[PDB]
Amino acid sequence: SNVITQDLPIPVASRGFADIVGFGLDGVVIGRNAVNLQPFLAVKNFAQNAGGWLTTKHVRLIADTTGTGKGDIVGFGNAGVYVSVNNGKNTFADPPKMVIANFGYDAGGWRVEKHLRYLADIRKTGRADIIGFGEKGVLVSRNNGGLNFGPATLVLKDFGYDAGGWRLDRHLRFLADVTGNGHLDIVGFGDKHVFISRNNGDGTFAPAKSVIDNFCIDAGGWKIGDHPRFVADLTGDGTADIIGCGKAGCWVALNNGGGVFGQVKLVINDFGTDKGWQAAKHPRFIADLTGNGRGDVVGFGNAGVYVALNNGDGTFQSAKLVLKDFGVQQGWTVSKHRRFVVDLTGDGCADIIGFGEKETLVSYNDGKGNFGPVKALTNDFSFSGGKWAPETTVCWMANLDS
């Protein structure tokens, strides 16, 4: 189940060779997954010191906007959305083209503090539409090919800042197939209910439906940051289940099809605030560590990397330390360093990659959820005196080849 969340707006293939994309100070640096990693400056734009880009005002992502199966550089900037197409041959277009005068800080009054902006193929046509949770609800710009985007259209008066009272500090809004039709639907962790809105197929979304009375700020006491929540396929049927890291551990509600969810159950007695897990220090992720199509729980704790394996049915084995690195004890801080759990080897078993203090480090999956010795991939993409500070730079893992 390919999903889109606030922390990871770019879906990464469970089986593939994830590339490094770094919106750095001077422009976009590409670290193509290859035998000899050689990061290069591809576009002199989308940057703090090239185009005047700011993490506080702008959004920078990767998506296939043309339908060639190549990942393009996309930037929600001031006057609109800019796209540097992947021209193949390891080159990106420079300068980019502005494909639409909306979804911008100036053009549209879009705010990182209030609104969300995603790129998703919600029509399943092979290229990414623009989907934004704005002021009055959900706005969609349909991708008509050739970088021609239709006007931003309000397709659902909900999940908005001024449409249902949605807040970044209280609520969560993801895209995921929860019905089982292969089409991304809207999933919203509101105040008292987890809601879903069905993808109607025509680029619009059905009125919100309350489906869970849990996983929310006023239903179970789930707080932003402290208790992270995730949409993921935990059974292998392609639908998104729901899993959160609460107080006493991880709670799961299983997708029973059509957006109907089973009862919320405690499946792992770990990864929660009761056992020291904190938002500021201990990032958690759902990834497939065994290549069976089921998401396992991965956590970067104090002493290093802990993993709880999925039994295959949404039930889990107990969490255990699998790596003595990438933790607090090894100098890792959320404020300065990045960490991702993605397949780098094409075996469908997620590997670990950390953008650390002075080097980008890696740990490969043996194919069964065990991890080998840490190797240094490059000196690039590391914090390095603020050369790659998260405040000014944005690092993503992405599949430039789709």
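Note that residue numbering follows the sequence shown and begins at 1.
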| item | value |
| --- | --- |
| Mean Cα B-factor comparison, 97-105 or 84-92, giving the higher one as deposited | 84-92 |
| Higher-scoring stretch by recorded Cα B factor average, 375-383 or 13-21 | 375-383 |
| Candidate residues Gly145, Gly295, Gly160, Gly246, the one whose C-alpha B factor the record puts highest | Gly145 |
| Of the residues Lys57, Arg60, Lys358, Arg32, the one carrying the largest Cα B-factor as recorded | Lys358 |
| Chain thirds of CA B-factor: placement of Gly165 | lowest |
| CA B-factor ranking of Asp202, expressed as a third of its chain | highest |
| Lowest, middle or highest third - CA B-factor, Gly132 | lowest |
| B-factor third for the C-alpha atom of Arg229 within its chain | lowest |
| Ranked against its chain, the third holding the CA B-factor of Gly51 | middle |
